[PDB]
Structures are given as C-alpha cells and as structure tokens.
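Engineer: Pasting a structure below so you can have a look.
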Amino acid sequence: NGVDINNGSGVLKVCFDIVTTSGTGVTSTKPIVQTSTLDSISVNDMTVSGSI
Amino acid sequence: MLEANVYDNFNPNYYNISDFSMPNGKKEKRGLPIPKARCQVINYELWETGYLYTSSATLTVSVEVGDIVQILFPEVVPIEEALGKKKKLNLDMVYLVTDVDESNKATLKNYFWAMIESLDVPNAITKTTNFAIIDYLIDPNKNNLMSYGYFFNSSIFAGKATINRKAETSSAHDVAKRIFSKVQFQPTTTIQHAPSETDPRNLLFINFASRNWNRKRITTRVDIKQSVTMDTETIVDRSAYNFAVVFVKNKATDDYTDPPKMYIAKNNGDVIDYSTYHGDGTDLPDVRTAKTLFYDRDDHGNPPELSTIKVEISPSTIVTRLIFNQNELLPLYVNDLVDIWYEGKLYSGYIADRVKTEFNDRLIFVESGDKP
Amino acid sequence: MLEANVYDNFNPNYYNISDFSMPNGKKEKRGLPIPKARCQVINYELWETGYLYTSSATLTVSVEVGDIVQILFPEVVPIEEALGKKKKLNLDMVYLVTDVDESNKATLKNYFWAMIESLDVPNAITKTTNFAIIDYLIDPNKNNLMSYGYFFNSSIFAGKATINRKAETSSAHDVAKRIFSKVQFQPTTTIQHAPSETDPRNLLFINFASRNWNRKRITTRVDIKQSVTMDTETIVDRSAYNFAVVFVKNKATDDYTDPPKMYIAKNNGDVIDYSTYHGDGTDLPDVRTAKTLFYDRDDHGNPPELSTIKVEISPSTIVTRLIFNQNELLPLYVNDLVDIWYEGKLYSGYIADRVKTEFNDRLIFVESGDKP
C-alpha cells in the first residue's frame with residue numbers, strides 16, 4: 001500500500017519475499033528488490049550484474 | 001449469507017456502442033451500469049464454472065428473467081495473465097436469471113455458457129489453433145450477452161484443435177465442451193473495474209487464466225468421509241456394440257444372399273474376424289455387446305475395409321467423475337491439475353467446478369484419461 | 001421359496017472355443033461353469049417364456065448385472081425331440097440379470113430374448129423355411145450369449161415362413177414374434193448335463209419341443225373366479241382409419257385441383273367408392289374412422305388402382321388375450337393348443353406364458369385368430 005505510518009495513520013503493507021509452492025512443499029523463493037532512491041552520486045568505482 | 005448485485009440484462013444492442021467519451025477525450029464502449037438493487041443471496045447452490053449442474057438461489061429483491069446476478073465474496077483471486085504479470089482480481093460469481101418461481105427462487109445459468117448460446121461454428125474455423133476458436137466464440141458483436149475482454153493462458157490453448165467428427169457444423173456449446181476436456185480447463189466470468197485509473201468504466205471479462213502460468217500437477221487423497229459421488233462420463237463419442245454381425249450385398253443378386261462375417265474387438269484395441277481367432281479367451285472382452293451392420297459394395301466391387309468396420313466397433317473414453325467435500329488440510333480450487341487417490345485406486349485429472357452452498361463446499365473432479 | 005443357481009455371464013468370447021479335451025480324446029466346446037453361489041429366490045414373479053412381461057425376483061446372494069440365474073424345480077418335463085424319442089429334461093427357468101436395485105431386487109430377462117438381442121435379419125433369410133431362420137438366430141458365433149444346441153419339433157416349423165412387410169430389414173425380436181404367432185409356439189431355455197455319459201459337460205439348450213410330437217387341440221372352460229384380465233393384441237399390421245378421402249393430382253394444373261373420391265370398406269372387406277353405395281348401412285361399419293390420402297399420377301397418367309388404396313384402408317387382426325389362474329381340475333401348461341370358453345363366448349389359441357409367484361400360478365392365453 002505504501003501508507004505513511006510515520007507522519008499519518010493507517011496500516012502499512014509491504015511485500016519482501018515471493019514463495020512459490022507445490023502440493024507438498026516449497027519449489028522456489030524469490031525476494032523483493034530493495035530500491036535505493038538517490039539524488040546525486042559521487043563514486044570512484046562500480047560493478048553491475050544486470051543493466052543501467 | 002453472500003452479497004448480490006442485481007443488474008438488468010447486459011444487452012449488446014445497447015452496450016456494444018463506442019460513443020462513451022473517456023476523460024482524455026477518446027471514444028470507447030459503454031461501461032456496465034450500477035446495480036438496480038443490492039440484495040443478499042440466500043438458500044443457494046452456486047457453481048463456479050457450471051460444468052454439470054445449473055445454479056439455483058433465492059434472492060431478497062424480486063428479480064426477473066434476463067437480469068444479471070453478481071455474487072460478491074470478500075476475497076481475491078490472483079490470475080497470471082502474462083509470464084511474470086499477475087493481476088489483483090476480486091472473487092465473483094456472475095450468472096444470468098433463466099427462471100424465477102412463485103417463492104422467488106431464481107434458476108441461475110453461468111454467464112459464459114449463457115453467452116455462447118445458439119451460436120453455431122463450421123469445421124472451417126475449427127481447422128486452426130484453439131486460440132482462433134476462443135477469439136470467435138468471445139465476441140460482443142455476435143453473442144446474446146455483452147463481452148469486454150478475454151484473459152487467456154497462452155500455453156494451455158497453444159496446442160492444435162481437436163478433430164471434428166464428419167467435419168460438420170457444431171454448436172458453440174459442443175465445441176467448447178470438446179476443447180475444455182482436452183485442455184483440462186473451465187471458464188469463469190468476472191466483473192471488475194477497468195485496469196487504467198483514467199478509465200472509470202466497470203467491465204465484464206471471461207477468465208481462461210490460472211494462479212500459475214505454467215500449471216503443475218498436484219498429488220492428493222480423497223477419503224470416503226467427504227460424501228464422495230462416483231459416476232462415469234464419456235469425453236469422445238465411439239460406438240457401444242463390440243461385436244459386429246457384418247453383411248455384404250451380393251453383386252449378381254443385388255441382395256444380401258451371402259452369409260455374414262463376424263468381427264470381434266480384442267482387449268488391446270485391434271479388430272479381427274471371429275473365425276480367425278485361435279486363442280483361450282483371455283485376450284477377448286468379458287461381455288459380448290453385439291450389433292448387425294449392413295454395407296453396400298463400393299463402385300470397385302471390393303468388400304468394405306477392416307479399418308472402416310473397426311471405427312464403428314471401437315471403444316469410447318470411460319472417464320471417472322468424483323464430487324466431494326473441500327478438504328481444509330489440502331484445498332483444491334478450480335482449474336488445477338490433480339492426481340486423486342480414492343479407495344486404493346489412482347485417478348488423474350482436473351477440478352472442473354465448485355459449489356458454494358450454505359452447508360458444504362464441494363468439488364467436481366474430471367479424470368482426463370490418456371492413462372496408457 | 002425356490003432354489004437358484006447363480007453363474008457369471010455366459011460370454012461366447014470365452015465358451016465358444018473347442019479346446020475341451022473329452023475323455024475319449026476328441027476336442028469339444030467349453031462346458032458351462034459351476035454356480036459361483038447357490039442362493040434362494042424370494043418375492044418373485046417368474047415368467048416361463050417372457051411373451052409379455054419381464055421377470056423380477058429378490059435373491060439372497062448379491063448378484064450383479066450380466067450374471068445368469070437358473071431357477072430349479074424338483075420336477076421333470078418330458079419334451080418329444082423325435083416321433084418316438086422322449087428326453088428326461090429337469091424343470092428350469094433360466095434368465096439374464098438386466099438390473100439390480102438397492103434392495104437387491106433383480107430384473108430378470110428370459111435367456112432366449114436376451115440372446116437374440118440387437119440381431120438384425122434381412123428379407124433374404126426370411127425367404128426360406130422356419131428351420132433356416134431358427135438355425136440363423138441360434139448361433140454362438142453371432143449371439144451376445146452362449147448356446148450349445150436346440151431341440152425342436154420338425155412339424156411345427158415345417159411350414160413356409162410368413163411374408164415380410166415392405167421386404168425390409170427386420171430385427172430378430174420382430175421376426176421371432178411374427179413366426180411364434182403363426183406357429184403358435186414359444187421358446188424355453190434350460191440348463192442340462194450332456195446326453196452322452198462320456199461327455200461330463202453341463203450345457204445350455206433352447207427348447208422348441210413339446211410333450212406331444214403331433215400337438216392336439218384341447219377344449220376347456222375358464223371361470224370368472226380365476227381372476228381373468230381380458231385385453232386385445234394385434235398380430236398383423238393393417239391401417240386404422242377405415243374410411244379414405246383420396247385426392248388425385250390434375251395433369252394440366254400439376255395440382256390437386258380436382259375434388260376427392262371417397263372410398264368405404266364394407267363389413268365383408270370389399271372396398272367400394274362411397275358414391276357407388278346403394279345399401280341400407282347394415283353392411284357398412286357401425287363407426288366411421290376417416291383419413292385423407294394424397295396420390296401422384298403414374299407415368300401413363302392413369303389414376304391409382306383400387307386394390308392399392310385397399311391396403312392403406314384394411315382392418316387389422318383383433319386378438320383377445322386372457323391372463324388367468326391355474327385350474328387344478330384341468331391344468332394347462334406352456335405351448336398347449338387350447339379352445340377356451342369364457343362368459344358364453346368361445347376363444348381359440350395357445351398358452352403363451354406361465355407366471356410362477358409365491359402365491360398363485362397364472363397362464364396367458366393368446367387367440368391365433370383366423371376365425372371366419
């Protein structure tokens with residue numbers, strides 16, 4: 001939902017893990033991405049595993 | 001009780017018109033109306049797809065024949081419309097009122113089967129993939145009831161369409177039943193507000209999607225305690241007299257003067273002449289179902305082919321149907337591939353329908369066959 | 001109560017194999033099995049031949065559909081198979097189980113009529129004597145049920161077969177009924193050990209034999225105290241609207257423009273034009289059943305013949321059926337030629353069936369007709 005609990009009222013809901021199951025147990029587990037919203041970056045080096 | 005939204009008939013002679021001015025300016029189709037009355041559905045037998053039985057429920061407001069009934073549930077069903085894309089869809093049971101008695105008990109028919117009514121489809125359309133038949137069947141320009149969109153799982157309807165008998169003109173009901181048996185899926189009609197926030201319309205769609213895009217097979221057990229009802233269905237139409245007293249007309253007399261030739265079908269599937277048999281009876285059937293067949297000699301004069309006789313004495317698909325109570329230890333929802341264990345015997349198939357009653361929650365299991 | 005022997009279905013796919021090694025050395029067909037269970041038949045209605053009604057009985061053991069039920073009686077029936085030769089045949093009532101309900105009440109169908117099931121016979125086989133038709137109908141290489149042999153009276157089936165309607169393809173049931181009506185006989189199925197002492201097999205035979213080789217006609221009286229159910233059956237098919245409004249097409253208009261010609265059938269049977277009639281009504285029917293017929297002019301142009309119209313307006317064989325209780329002063333049995341006196345009127349025909357119940361013993365009398 002993205003409810004602002006710190007400034008206002010309401011119940012905050014946020015997904016962190018995605019569990020894929022079968023009839024017996026768990027088949028695969030994929031965690032939710034951790035978004036890092038920034039304005040300006042002053043970095044020396046970088047290593048990317050996906051894409052920019 | 002359950003909540004019910006009562007709307008007047010979704011007449012496509014009215015709603016199919018693309019005159020509605022969208023907030024951006026664009027001209028699109030007319031959106032669904034607001035319920036003329038909010039009532040509560042009581043004393044109900046409500047099916048999910050309407051595979052075998054028609055729904056029946058008494059309603060608080062005095063509904064009439066033609067009206068659309070939307071039964072609401074405070075739960076959500078997630079359908080996988082694309083490989084990764086999963087959409088938040090609200091649980092709905094949409095029906096058309098077919099008849100109301102003196103005591104206001106309405107006979108409800110599942111929206112989809114009530115939509116593809118009286119529609120006939122020639123063999124020419126059935127020659128292509130199953131997607132082409134679904135795209136033909138679901139059209140607001142042809143159907144008795146209004147349709148806005150169709151959600152369909154590409155993998156399940158990817159295969160080549162089932163071959164039609166005599167290449168004749170069949171009804172939309174018979175072809176859908178034949179297709180839904182092979183694909184092991186059943187349709188569910190759902191009323192939901194348009195995906196885009198700009199579009200304020202309430203729309204009706206048909207569902208051919210599942211919780212998993214790439215459906216997986218489940219293995220479960222059904223105990224006798226769940227009030228199990230076992231009955232045998234037939235998917236494919238094949239003949240019932242396994243033994244054939246075949247007569248061939250004599251050319252010289254233009255009559256059936258010559259004696260008949262008897263043909264028996266073995267347990268394996270092959271068809272042989274009865275005289276040619278040299279066995280112990282172990283490879284032959286337990287009961288002899290017989291019929292007398294009359295054939296006319298071809299222009300060439302040769303007797304009719306063994307293979308042509310074989311098709312008429314060939315066996316039909318004996319399929320087991322199981323109707324039982326919902327097990328809370330291992331819940332089974334509609335459109336799930338299952339392998340059911342019942343009284344020491346294994347039955348494989350899918351969950352076709354689901355009845356939401358006041359007393360119980362039951363499932364219709366259809367054994368797809370194709371065992372050896 | 002009555003004693004019952006329960007065997008599994010006499011499958012000809014198994015028993016019609018000549019692999020049984022006889023004590024002398026030679027090979028013969030597979031003999032009948034031993035009863036899987038010996039039970040006692042209670043609450044019964046048992047028909048000797050199965051002419052009109054199907055038998056019903058509640059059995060102690062849990063029999064299933066397909067099983068053969070042999071009802072035993074501590075008495076012997078002597079059938080005359082040759083002019084002088086008589087065989088000591090034990091009294092039997094053999095049936096096939098058609099359906100069993102929840103309360104184990106089994107619906108029994110007489111073995112013969114269950115054996116000649118689904119069998120079709122064209123006009124070509126009916127052209128010969130009654131012996132050829134019986135030899136075709138009773139054959140384990142075609143029939144749904146197993147049969148080893150048949151004993152019959154040469155004199156009763158000696159005569160030429162009845163002429164078929166439209167010379168079409170008739171079922172084994174319809175032809176047998178048509179033949180059994182003219183010959184005044186009914187078949188009985190019985191299980192008996194092979195005649196030769198060397199052969200240890202138990203065999204099933206269809207009976208077309210009687211206590212007298214040269215059957216004699218008996219003259220008796222049936223009283224109102226015997227609880228008589230008087231009704232009417234029709235042997236031959238002839239049209240029921242005794243008056244004909246015949247229309248003939250006009251050549252010039254290629255239409256029915258010309259007025260109709262009415263044809264009346266007199267009490268004697270003579271068909272005349274209604275206009276030509278000059279009588280007092282005494283020679284005409286007491287009731288007028290009319291019908292309107294349409295005809296197309298022949299290639300020559302001449303109107304349709306009088307005799308051809310006659311066939312479409314002919315009376316059918318009105319035959320009286322009397323079902324009555326057994327008289328111990330003069331007992332009557334199955335296949336007996338009789339002349340019955342009932343309420344001052346004489347009726348002539350044969351004893352077609354016999355019903356064995358826990359309370360009474362009844363007979364069905366069928367008039368053969370051909371009175372004037």
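Ligands are numbered from 1 in the order shown, residues from 1 within each chain, and chains are lettered A, B, ... in the order they appear in the structure tokens.
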I need the residues in region 99-259 of chain B that are alpha helix (DSSP H) according to DSSP; give them as a PyMOL selection string.
Structural biologist: chain B and resi 123-126+130-137+172-182
Engineer: Need the shell around region 333-343 of chain B: protein/DNA/RNA residues with any atom at most 10 Å away, counting only C-alpha atoms. Skip same-chain ones fewer than 2 positions apart. Format as a ChimeraX atom specification?
Structural biologist: /A:23 /B:48-49,184-188,208-212,215-224,228,322,326,330-331,345-354,362-368
Engineer: So that each row is one residue of chain B with an atom at most 7 Å from chain C, can you give its shortest atom pair and the distance in Å to one decimal, using only C-alpha atoms, rows by chain and rising number, as JSON lines?
Structural biologist:
{"residue": "B:245", "atom": "CA", "partner": "C:142", "partner_atom": "CA", "distance": 6.4}
{"residue": "B:256", "atom": "CA", "partner": "C:124", "partner_atom": "CA", "distance": 6.3}
{"residue": "B:257", "atom": "CA", "partner": "C:124", "partner_atom": "CA", "distance": 6.0}
{"residue": "B:262", "atom": "CA", "partner": "C:142", "partner_atom": "CA", "distance": 6.6}
{"residue": "B:280", "atom": "CA", "partner": "C:14", "partner_atom": "CA", "distance": 7.0}
{"residue": "B:281", "atom": "CA", "partner": "C:14", "partner_atom": "CA", "distance": 4.5}
{"residue": "B:284", "atom": "CA", "partner": "C:13", "partner_atom": "CA", "distance": 6.1}
{"residue": "B:285", "atom": "CA", "partner": "C:13", "partner_atom": "CA", "distance": 6.8}
{"residue": "B:286", "atom": "CA", "partner": "C:11", "partner_atom": "CA", "distance": 6.6}
{"residue": "B:287", "atom": "CA", "partner": "C:11", "partner_atom": "CA", "distance": 5.7}
{"residue": "B:288", "atom": "CA", "partner": "C:144", "partner_atom": "CA", "distance": 5.1}
{"residue": "B:289", "atom": "CA", "partner": "C:144", "partner_atom": "CA", "distance": 6.1}
{"residue": "B:290", "atom": "CA", "partner": "C:144", "partner_atom": "CA", "distance": 5.9}
{"residue": "B:291", "atom": "CA", "partner": "C:118", "partner_atom": "CA", "distance": 5.2}
{"residue": "B:292", "atom": "CA", "partner": "C:120", "partner_atom": "CA", "distance": 5.4}
Engineer: Compile a residue-level contact table for chain A against chain B at a cut-off of 12 Å, reporting for every qualifying residue the shortest atom pair and its distance in Å to one decimal, with only C-alpha atoms counted, rows ordered by chain and ascending number, as JSON lines.
Structural biologist:
{"residue": "A:20", "atom": "CA", "partner": "B:212", "partner_atom": "CA", "distance": 9.4}
{"residue": "A:21", "atom": "CA", "partner": "B:216", "partner_atom": "CA", "distance": 10.0}
{"residue": "A:22", "atom": "CA", "partner": "B:218", "partner_atom": "CA", "distance": 7.2}
{"residue": "A:23", "atom": "CA", "partner": "B:218", "partner_atom": "CA", "distance": 5.3}
{"residue": "A:24", "atom": "CA", "partner": "B:219", "partner_atom": "CA", "distance": 8.2}
{"residue": "A:25", "atom": "CA", "partner": "B:218", "partner_atom": "CA", "distance": 11.0}
{"residue": "A:27", "atom": "CA", "partner": "B:216", "partner_atom": "CA", "distance": 10.8}
Engineer: Only N, CA and C atoms, please: the residues just picked out, written as an mmCIF file, in the first residue's frame.
Structural biologist:
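Printed below is part12.cif as written:
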data_model
loop_
_atom_site.group_PDB
_atom_site.id
_atom_site.type_symbol
_atom_site.label_atom_id
_atom_site.label_comp_id
_atom_site.auth_asym_id
_atom_site.auth_seq_id
_atom_site.Cartn_x
_atom_site.Cartn_y
_atom_site.Cartn_z
ATOM 1 N N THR A 20 7.050 -19.535 -4.025
ATOM 2 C CA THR A 20 6.331 -20.370 -4.986
ATOM 3 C C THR A 20 6.270 -21.778 -4.396
ATOM 4 N N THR A 21 5.054 -22.323 -4.257
ATOM 5 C CA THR A 21 4.830 -23.634 -3.646
ATOM 6 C C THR A 21 4.206 -24.672 -4.576
ATOM 7 N N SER A 22 4.245 -25.943 -4.140
ATOM 8 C CA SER A 22 3.667 -27.102 -4.810
ATOM 9 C C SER A 22 2.545 -27.655 -3.912
ATOM 10 N N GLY A 23 2.147 -28.905 -4.139
ATOM 11 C CA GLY A 23 1.123 -29.570 -3.342
ATOM 12 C C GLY A 23 1.642 -30.011 -1.990
ATOM 13 N N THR A 24 2.936 -30.384 -1.937
ATOM 14 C CA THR A 24 3.620 -30.860 -0.735
ATOM 15 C C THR A 24 4.358 -29.751 0.016
ATOM 16 N N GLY A 25 5.310 -29.099 -0.651
ATOM 17 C CA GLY A 25 6.114 -28.042 -0.049
ATOM 18 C C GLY A 25 6.409 -26.851 -0.935
ATOM 19 N N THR A 27 8.741 -24.849 -3.818
ATOM 20 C CA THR A 27 9.505 -25.109 -5.040
ATOM 21 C C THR A 27 10.641 -24.100 -5.233
#
Engineer: Would you list the contacts of residue 30 (chain A) as an mmCIF file with C-alpha atoms, in the first residue's frame, taking every protein, DNA or RNA residue within 8 Å and counting only C-alpha atoms, but skipping same-chain residues closer than 5 positions in sequence?
Structural biologist:
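So the final result, stored in selection16.cif, reads:
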data_model
loop_
_atom_site.group_PDB
_atom_site.id
_atom_site.type_symbol
_atom_site.label_atom_id
_atom_site.label_comp_id
_atom_site.auth_asym_id
_atom_site.auth_seq_id
_atom_site.Cartn_x
_atom_site.Cartn_y
_atom_site.Cartn_z
ATOM 1 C CA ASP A 17 9.530 -12.355 -0.211
ATOM 2 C CA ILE A 18 7.802 -14.323 -3.024
ATOM 3 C CA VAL A 19 7.365 -18.026 -2.125
#
Engineer: What is the CA of residue 140 (chain C)-CA of residue 189 (chain C) distance in Å, reported with one decimal?
Structural biologist: 14.4 Å
Engineer: Determine, counting only C-alpha atoms, which protein, DNA and RNA residues have an atom within 12 Å of an atom of residue 15 (chain A); residues of the same chain fewer than 5 positions away are not included. Present the result as a PDB file with C-alpha atoms, in the first residue's frame.
Structural biologist:
ATOM      1  CA  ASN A   1       0.000   0.000   0.000  1.00  0.00           C
ATOM      2  CA  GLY A   2       2.768   2.486   0.874  1.00  0.00           C
ATOM      3  CA  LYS A  30      12.496 -15.002  -4.903  1.00  0.00           C
ATOM      4  CA  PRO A  31      12.952 -11.917  -2.622  1.00  0.00           C
ATOM      5  CA  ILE A  32      11.547  -8.419  -3.443  1.00  0.00           C
ATOM      6  CA  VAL A  33      14.008  -5.803  -4.847  1.00  0.00           C
ATOM      7  CA  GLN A  34      15.491  -3.184  -2.422  1.00  0.00           C
TER       8      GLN A  34
END
